[PDB]
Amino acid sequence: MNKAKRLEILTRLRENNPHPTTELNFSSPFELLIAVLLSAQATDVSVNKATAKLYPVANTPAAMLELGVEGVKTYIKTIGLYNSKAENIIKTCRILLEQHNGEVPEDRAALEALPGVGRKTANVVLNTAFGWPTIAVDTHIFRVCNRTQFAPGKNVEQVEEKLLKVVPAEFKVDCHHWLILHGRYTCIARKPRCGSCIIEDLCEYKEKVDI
């Protein structure tokens, strides 16, 4: 692949969807942090169904703490691992109240310190709630980057590091959401939708499927 081809792929993804975002519903950084903590081994539609019940009754660290571990579990019992999720939620709300004064902190090490949130999660929250140029790589973005040859790599860290070198600064805030929505709905794992792909003539995959 090369610089000019990469730039035309990013130009077509912007034309198609100028402002890509998460499929998790949220109206605040805190509501995004909790939705992302509820995401582990669950679908976005499962999480949105649970937060549609929960956030009208408690959507601040203080209201959440007042609901308690067992009150939280009542609203999220439909989601996988909800007992440990409910513990991580209450603990994170306490830390935000004490150390960060009821705010979600705009800082990677502070977010990574929170129970249940790791590097990829901190990067997704900094990008999606605060607009940071971070580009977290999951299995979808890994498959898309290697199939197209946009940013090939042998594991997650190599693709993440290549993406931070090859994506122009202009495109780095929307890059993660463009590539994950492309992987989820077009460049899917079993039988890619190549005959209907908006970047098919720029993609370098040798096994394209419906011409």
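Residue numbers run from 1 along the displayed sequence.
Between 129-137 and 109-117, it is 109-117 that carries the larger average Cα temperature factor according to the deposited entry. 16-24 and 198-206 differ in mean CA B-factor, and the higher of the two is recorded for 198-206. For the set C175, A50, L67, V36, the PDB entry puts the maximum C-alpha B factor at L67. In the PDB entry, a CA B factor belonging to the highest third of its chain's modelled residues is recorded for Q41. Looking at the C-alpha B-factors along this chain, the one for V124 belongs to the lowest third.
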